[PDB]
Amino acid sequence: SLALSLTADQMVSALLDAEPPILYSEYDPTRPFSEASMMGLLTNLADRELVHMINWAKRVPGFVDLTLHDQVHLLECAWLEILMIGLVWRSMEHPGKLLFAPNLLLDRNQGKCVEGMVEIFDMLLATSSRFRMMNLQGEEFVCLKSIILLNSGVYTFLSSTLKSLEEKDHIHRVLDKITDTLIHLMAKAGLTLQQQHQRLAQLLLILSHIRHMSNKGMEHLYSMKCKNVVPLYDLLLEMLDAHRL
């Protein structure tokens, strides 16, 4: 019943099965986009995705073995990085555009409807372009998203005794299993050992850019919140506030 006894194939199957439902943006919005209407659509979508993210995280091998306090910390840390990697993945087949949902495809100029948004859209578009150049596969994407969940908040727990040490060790062992899984997928695809290590490094280095985008996205959302332009649900509010606490 342990995440640490899974084969690379069982890990991929568990991650694919964990996938949240596909959501559509709120039906028939008025034309054109105002700063308030664009922010409202994007945050309503983000809050609905966050509800399903909780269920997804509970299905990620090793997550439910952690304490409730630690599960809360990992999610509060990683939420926006996870929303962004999902967005970047969905947008790979739409050059120059972001597929927020199947009925919500935005171009960079539509990003200009919200102050400070176009700069974030550009970083997201660049990540989507990078994933396309790398020909990122679905099985690799699910490994990366689970790496974000487990890694993002792992260096920022308190020192909650020896239990905190046990928890961090557990997370690092699950992350090691995910590395083994990515390597297996690359080996099965016919990549040489040198190409396998090179590709693993390239994928993991992109996670540093996703972290940067999440920090910028966080500052932007807080600024939109403060200006009284967007109403927010408590789940999204709690996730955002964890980065101000």
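Residue positions are given as counts along the sequence shown, with the first one as 1.
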Comparing 220 to 228 with 15 to 23, the one whose average Cα B-factor in the PDB entry is higher: 220 to 228
Stretch with the greater mean C-alpha B-factor as recorded in the entry, comparing 38 to 46 against 173 to 181: 38 to 46
Selection from 156, 71, 146, 128 [criterion: highest C-alpha temperature factor in the record]: 156
Of the residues 211, 52, 31, 199, the one carrying the largest Cα B-factor as recorded: 31
Among modelled residues of the same chain, the CA temperature factor third for residue 101: middle
Entry-reported Cα temperature factor of residue 112, expressed as the chain third it lands in: highest
Modelled-residue ranking by C-alpha temperature factor, third containing residue 64: middle
Cα B factor band for residue 191 (lowest, middle or highest third within the chain): highest
Third assignment of residue 133 from its chain's C-alpha B-factors: highest
